[PDB]
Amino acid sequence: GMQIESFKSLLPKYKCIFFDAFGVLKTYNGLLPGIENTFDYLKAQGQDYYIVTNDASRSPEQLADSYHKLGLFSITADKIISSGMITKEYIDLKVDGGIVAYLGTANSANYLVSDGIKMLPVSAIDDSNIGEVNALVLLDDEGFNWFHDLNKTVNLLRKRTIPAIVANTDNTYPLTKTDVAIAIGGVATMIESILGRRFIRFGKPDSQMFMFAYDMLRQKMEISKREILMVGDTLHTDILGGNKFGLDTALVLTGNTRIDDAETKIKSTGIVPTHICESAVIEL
């Protein structure tokens, strides 16, 4: 049996909320209806929050602009902790000049541009420049010819002893009510089905992003990890990750974990959320 609790009822226990984005705040057809009231509410209550997301397809500033376009003005770039920030820091620290090859769009790659390094798509790599490729990043499922560039990526990683990096996204994402699409994490998975495990994956259920947020909160208040709530739709990323780091966790049913499957999934993985809620929408 599941005890379903209202999200509003939980909020007084916590000094900060960590929200996953997809399946929690928004879905394939935009924001979940009413989700603005959640952020109005937290503001009115003076409650801190962050978005903690395994999206490295654009910068925090751009992720924040997408919410502003959808009308959620409360969410600023400083509130968005994304695994792309980890990737960027890893490249700056661990890659010594040359070229970083990427699978994705030019826009996805612009966030990573820096001094000393040239970003190039996999499509632009051949024998004439392969010796300068010092890393591979997988950023977005769109923006390149798969037949051409998945093939080239396989050969690039056979020929160059370099880090291959992706955000730990789900393997697929919902595109319509009926259809899913293969995500950038899934493109890595498919590559790894041919080559073996090979990708450094950043993001949940790792705890670096959580530690960053936690540290920033500790700079301005008394707070312990159990006084933070991680809110997510996915057991093996949001809930598992939150739990390992010591966060309380709330599973919402508006995403990857459907109500009919929750007990079964919880029982097969042994990943137990602190709380289960229908959704993160607070009714006005």
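Quick note: we count residues from 1 along the sequence shown, nothing fancier.
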Mean C-alpha B-factor comparison - 192-200 and 71-79, higher one: 71-79
Mean C-alpha temperature factor, higher of 222-230 and 35-43: 35-43
Largest Cα B-factor, entry values, listed residues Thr237, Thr53, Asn29, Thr249: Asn29
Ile182, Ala135, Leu175, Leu103, ranked by C-alpha B-factor: the highest one: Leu175
B-factor third for the C-alpha atom of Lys118 within its chain: highest
Relative C-alpha B-factor of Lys13, binned into the chain's lowest, middle or highest third: highest
Chain-relative CA temperature factor third for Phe144: lowest
Among modelled residues of the same chain, the CA temperature factor third for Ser268: highest
Within-chain third of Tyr214 by Cα B-factor, per the entry: middle
